[PDB]
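Okay, so here's the structure we're looking at.
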Ligand SMILES: C[C@@H]1O[C@@H](O)[C@H](O[C@H]2OC(C(=O)O)=C[C@H](O)[C@H]2O)[C@H](O)[C@H]1O
Ligand SMILES: C[C@@H]1O[C@@H](O)[C@H](O[C@H]2OC(C(=O)O)=C[C@H](O)[C@H]2O)[C@H](O)[C@H]1O
Ligand SMILES: [Ca+2]
Ligand SMILES: [Ca+2]
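Chains as they are written, first to last, in the numbering used here: chain U, 22 to 917; chain Y, 305 to 1188.
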């Protein structure tokens, strides 16, 4: 019969002044609503992003049209079909206020929102044919991708004279176009390649996918530009952009307008032909009108000592903003090529929008969210004194030094595994020839496009710049997310214990510090923005940017989980932003999306791809799940989670244990492959569980691999304590390791196995299978949680030997916590808190503060916390979160 | 015989400094008091002295004095001068190849020819710490239209070297000035004739390892010369030094220092030892590897070695920093910042080394610093005055002419943009720029505290100066100003107000850059809230209406550090970039425009050596300024090559070969005369000539019927005489007035000339001057009755009030003094009840927040200030009578 319930969704921070339609997620309790038999209303457009094991809705997405009316909150009421099929009430059926239509043929696809009409060719070298406003007025055309590169690089500036450079230009070439059409929003996904326009023959390269989100009643289009780096040693990217033509034919030069966003809400306001600050005044109204971007009165009405001499007032065709560092931008204009540029008063951080158009012809604004943070970038207006202007956003500026992704070192004469692991001992880098390659990394950039029937106010531009740099987000309530249990059971809301309250303040301290380090230490850049470093250098007073494994962190010890669970518990905007940016880096730049190592990611190093440990614990899709669902099934992360389903194939091309393994095994063709049951498997399982939850094109496969491998672990005599296994890539089964073919019993322990998502995947896995869980899997998992830090005797009693090199006791305290909850054992719960307060990691009497450093010790002033590293704070914070969720009933108890 | 003796005292410019590396200062002396070479000088010991200026009777007018580097630093330095009847040394050594200057702390060798400006730099101990100082330039021959065009418009790079022609030496015991001149000649790359003449000056002081390096260049290129890199470079010998004992430093933001080593031993997985790590960070020789912890010392092979470091400051607001193990590998980006203070060190604990740096680094962007090959036997340390990471320097015109064809069109364009264009006048050919570089030598890597200190020294080099009161008494620097009535107090508060706004707009409008730093703009656009950077004559100011005089006299009266520094910057720009130093137009500067060289009014009122006079003397005869003042002696040649009045003069005259030449008696003549009086004062190579030309043109003007009211004259370039303009062959009388004539130096120059000429002044000149001062803004009656006509096109009445004030003071006339104050307080310029405040502007109106004063422009504030200063010095007694 009838089942209905409601969920409220809030703006992430302050109520916005403007939105351009938004998408959000909502979770639903297990078994409550069936897919396709469930209606949603707002106080609404809807689809499923995930499902529970019995096929009931786990997560949905929802979309709202652009609207002047903006609420403090929004309530979605779900209703089963039963609610309408049981009432005999007549009820009205009307068309929505606004609604998208799409016309679709051989040549091209067109999307009309009511406020713009945009065309997408199905082939060719032009992504957007044109953009019309309501009236039918074309305001921009031939949107296209640009790429520029060079064949080599001089050793230094002096070497230019003796080291010639061959420049090439490329075009975005379309191969496929897709549509996910709905009434309230429509998504055009465009896939392609870059092909040569100018320079020597060059194979097509730099695969792209560009996603356009259009919303009903919106002239604002959001653009997810994703590219994959398939260059070689010889391909140096020089320039990477998005370019539109803006037709100005018909606008008097003095009615053509140029705007750049400046610093903090600022706007640069100029005309192609400037009527202000001349020796003679055409009239106050006329000057005011030009600064306002309005069409000027008829030339007969001006003071005539100006209209007669327009011939003598220069015309400014080209404009260039370049932000080549995180801290300063240049701005210049010129009459036309063959003349010098004139410099313009500039400043620190440009907020990343430019507009070209006119009072009568209309025009177009383009921008990059997070502009200066993703340097080096730029904005160019070109040929604004012609019939056709060009507006270009540069995702990578040619005014920068070229992008060099080659190895930072030659290998220092390391010749083989023995030399490599010896170098591991001093810099923490695990180098190997040919492993230090950026081949297959990706980066996604969030772009916005704004159409205008006419040059808009500067207040409007500033307001859209702010929109672009802080996209409004609607999220469900933490309490609700928790209650549904649709994003794990291992966290909970913030208890009256004064101890618990000092834990909360400590997580807040950790977050605040990590947030400030991003600014202080300038972790900004085209590729770097979003990641942070690993360990600190207390003497130099810097993070170890230049020492092997101590530099970029690359999700080591699961900081992605701490920061995401920290958002879930709290609803903090800063917390969401920190995490979002993290996830946009980690999941794109730190992982390979093509080639033999597709679906692995790279271990922490000096470059994001320098190290030879290529492992699924970096690609670990559990790190993206929380964002996948909260964003409303963000499609690019969507795509990324699918790529990872090919991770299991890697183990035939690469053994992560190749240099340390003692059992003589190597991959060989058509053979069982070796992978770890902790680190690697937790990566695999997470990707399969997610495909299962999504009921995507490989879900039956995913279900089978997960179930079979789970069952395989259950069947190992020592379960998780075994360490690894041999997987069959054809039968999708998991048998014992090469040293234990009879399954007599094997023991191989690693401090790393639990701390890259294992407890999280396993518990979710367990809840998902329910009564179909293979016999003895929960017990094997409990065995590991309990014996990890039981006594040496107890370990020896169960498995034949004590556990040698167990560390990360704080980190693993959460496993005892989990088992304590599940066995209802108070003594075990007390163990969990003891390992938290009185083993390793961050001890409760650690300094727990920042020291300020300045003067001649350091380049710029900095706050430091030398007493911690990222490994510590990630696991400390997970421990806090998970110990509170499982064993807070036992916390006060511990404290007495 | 007699003793004639006196004292003059010299104080630090702002605060007493904590370090100085020798200073040179100036002192004036009263007319007739001391004879050159006969007069002895002592400090509170014997004092390095020499003369920079002389009075007309040959007595000392300005001296210059130098003290050694000393860690004793006093609040005041007192110079006692004594007549003839009263009662730490540098060692230069000559070789065939090369000359060596030794201070007690460094020995630097200068080759006499070749492409190496400096042979080597040794310390007390004799160890070589730097070698092969050399200039680098690199250029390209084309520029692509935009970034897309780079595929279809190849670039040919050319590197170049400083090739030496002449080396001079000015040896004293306290200081030695080595002066090297030359050209830049090809080395690698595409072939090119020699160009970009240089002169580099090296000031060594006794007991200093600091070297001040003034570096000057003339741009003699054309439209196909695009400067790409400009710099100075040294080798640093490292061969004997453990990679872990070689040190890199860069000055960071404010008092910051980046501190690394070529092989880092901090921040590893294993700890070599806490004492050892702190040692590396401090720049000390690390202990023997036998004392280290062997899990580290046995693994040094696997710790990377960092050969190259690059700091690039490509805007005024942001700098990048990065390092590289070696070429073939990617660069590792380093946490950078806003504004790098512009020094870098390369060396070691054992081998010692070298810091180099540029004064005002980030304000003269785009600039940079490079260490290279720091893992080799020999590293290079390079300072870029122009960075190759920036866009090529494009000096070509900003517009194409707009289809202007001849003078009728050019003057029509002038009526709307205030720019006076002409084809081939928008040329940078012959401009210049001086950059103040500093070299510091070290026996071992210094402390970071020490580098931070030398960095701050560099950016604010200690200045000694005379008491303002003393300067005033001597009358050695003009009589048109006096030291600082409620009425006058608000005048002073208002000068402060102007100074604070102008010093502020520098930062707020970001008036920084390799060439731009120093200047400011002319007129504001109140609709856009920008200065009119893009509208013809309203952009860069280029000394229009003598702001140079205002700001310098404002320092004289006050003694303010800020004031000196603002005027110093100004002077290093306008005298260098805003004038031509070679070619047909040499000795002229360029009228205010969008580029510093875009406008076609090439005139001596820009080049006006009076603008540089105060700095020349106060600095102790800054030799670069000396050299520039000598160049302007050829200014009179240009009037045969170029008529500044060509487009506007009614009388049909044109220049012809071997004839007289026409120049104005206000704008042009004021510049010529100042040049002549300065050379005479200096007794330079051409002083007899300068005295003849000054004296003759003065006598010419006195012998003209209507004196200065005659607009112009005819000047003979061979006989050096001055006669009537073309329209009055018989000297019956001509009337031609300009509002510009008095406002570019004329009263300052004349009052100085009248005084300096003494009883030898031509009969009637002083009265011809008093006439102009008196009748400029007299009634139309008094004008018609004196000259036949009334003066048609009078304006700038506030600006001219200071002339009435001169006449009033000199003729003891109270009625005229009251007219002067009336013209100041109630004509034009800046009215007393104008707004006299700034408005803040932010939000979507402007790119960045700014303060504005739309109610003033630079013409107003320069003349307001000169007016205030001069009216107060001449007629402060009539000011109380005026208020009531
Ligand atoms: C077997 C692999 O060996 C190295 O690549 C890495 O191991 C070193 O790094 C870490 C780490 O967490 O990054 C921990 C190990 O103790 C250390 O030997 C990989 O993590 C291993 O998987
Ligand atoms: C003869 C020269 O003609 C133009 O180049 C300039 O004339 C104009 O500019 C100024 C000025 O002070 O900048 C004032 C004049 O009223 C205006 O027409 C030069 O100034 C003239 O010397
Ligand atoms: Ca990374
Ligand atoms: Ca200038």
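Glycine residues also receive a C-beta, built at the ideal position from the N, C-alpha and C atoms.
> Would DSSP call residue 772 (chain U) helix, strand or coil?
Replying inline: coil
>> Which residues of the stretch 624-641 of chain U have a Cβ closer than 9 Å to any Cβ of chain Y? Give them in chain order.
In response: So the close ones are 627, 628.
>> Closer than 9 Å between beta carbons: that is the criterion. Which residues of the stretch 689-706 of chain Y meet it against chain A?
In response: In the structure shown, chain A does not exist; the protein chains are U and Y.
> According to DSSP, is residue 1000 (chain Y) helix, strand or coil?
Replying inline: helix
> Quick one: what's got a C-beta closer than 6 Å to residue 1078 (chain Y)'s C-beta in the same chain, skipping five residues either side?
Replying inline: 1111
>> By DSSP's criteria, residue 332 (chain Y) is part of a beta bridge. Which residues make up the other side?
In response: Y:366
> Does the beta carbon of residue 792 (chain Y) sit closer than 8 Å to a beta carbon anywhere in chain U?
Replying inline: Among the CB atoms of chain U, none fall inside 8 Å of the CB of residue 792 (chain Y).
> Of the choices U:651, U:305, U:542, U:455, whose alpha-carbon is the least far from that of residue 31 (chain U)?
Replying inline: U:651
>> Can you give me the C-alpha to C-alpha distance between residue 894 (chain U) and residue 870 (chain U), rounded to a whole angstrom?
In response: 13 Å
> So with Cβ pairs under 8 Å, would you call residue 454 (chain U) a contact of chain Y?
Replying inline: Under the 8 Å criterion on CB atoms, residue 454 (chain U) is classed as non-interfacial with respect to chain Y.
> According to DSSP, what are the bridge partners of residue 69 (chain U)?
Replying inline: The beta-bridge partner set that DSSP reports for residue 69 (chain U) consists of U:81.
>> Quick check on residue 838 (chain U) - is its C-beta less than 8 Å from some C-beta in chain Y?
In response: no
>> Going by DSSP, what residue range makes up the beta strand (DSSP E) through residue 201 (chain U)?
In response: 188-202
>> If we require 3 or more residues per run, which beta strand (DSSP E) segments fall completely within the stretch 110-149 of chain U?
In response: 122-125, 129-133, 137-142
> When Cβ atoms are compared, which residues of the stretch 535-557 of chain Y fall closer than 8 Å to chain U?
Replying inline: 554, 556, 557
> DSSP puts residue 769 (chain Y) in a beta bridge; with which residues?
Replying inline: For residue 769 (chain Y), the beta-bridge partners assigned by DSSP are Y:315.
>> Check for me: the beta strand (DSSP E) holding residue 521 (chain Y) runs from which residue to which?
In response: 514-522
>> Helix, strand or coil for residue 767 (chain U)? Go by DSSP, reduced to three states.
In response: coil
> Got a sec? Which residues, its chain only, sit under 8 Å from residue 353 (chain U) by beta carbon, not counting five neighbours each side?
Replying inline: 340, 341, 362, 363, 364, 365
>> Could you tell me the alpha carbon to alpha carbon distance between residue 578 (chain Y) and residue 584 (chain Y), rounded to whole angstroms?
In response: 10 Å
> What in chain Y is Cβ-close to residue 467 (chain U), meaning under 8 Å?
Replying inline: Those within 8 Å of residue 467 (chain U) in chain Y number zero; the least Cβ separation is about 22 Å.
> In terms of DSSP beta bridges, what is residue 757 (chain U) paired with?
Replying inline: None; residue 757 (chain U) has no bridge partner.
> With 16 other CB atoms within 10 Å as the buried threshold, where does residue 369 (chain Y) fall?
Replying inline: Residue 369 (chain Y) is buried by the Cβ-count criterion.
> Starting from residue 339 (chain U) and walking both ways along the beta strand (DSSP E), at which residues does that stretch end?
Replying inline: Unbroken beta strand (DSSP E) run through residue 339 (chain U): 339-344.
>> Helix, strand or coil for residue 310 (chain Y)? Go by DSSP, reduced to three states.
In response: strand
>> Run through the DSSP bridge pairs and tell me what residue 382 (chain Y) is partnered with.
In response: Y:313
> In terms of residues, what are the limits of the alpha helix (DSSP H) holding residue 1090 (chain Y)?
Replying inline: 1084-1091
> Around the Cβ of residue 91 (chain U), are there at least 16 other Cβ atoms within 10 angstroms (buried) or fewer (exposed)?
Replying inline: exposed
>> Using only CA atoms, which one of U:833, U:477, U:277 lies nearest to residue 578 (chain U)?
In response: U:833
> How many Å lie between residue 852 (chain U) and residue 820 (chain U) at the Cα?
Replying inline: 21 Å
>> At a cut-off of 7 Å, would you count residue 575 (chain U) as near ligand 3, judging by its Cβ distance to the nearest heavy atom?
In response: yes
>> Quick check: the Cα distance between residue 443 (chain U) and residue 567 (chain U), rounded to an integer number of angstroms?
In response: 18 Å
> Of all the CB atoms in chain U, is at least one closer than 8 Å to the CB of residue 624 (chain Y)?
Replying inline: yes
> Does any residue of chain U bring its CB to less than 8 Å from the CB of residue 631 (chain Y)?
Replying inline: Closer than 8 Å: yes.
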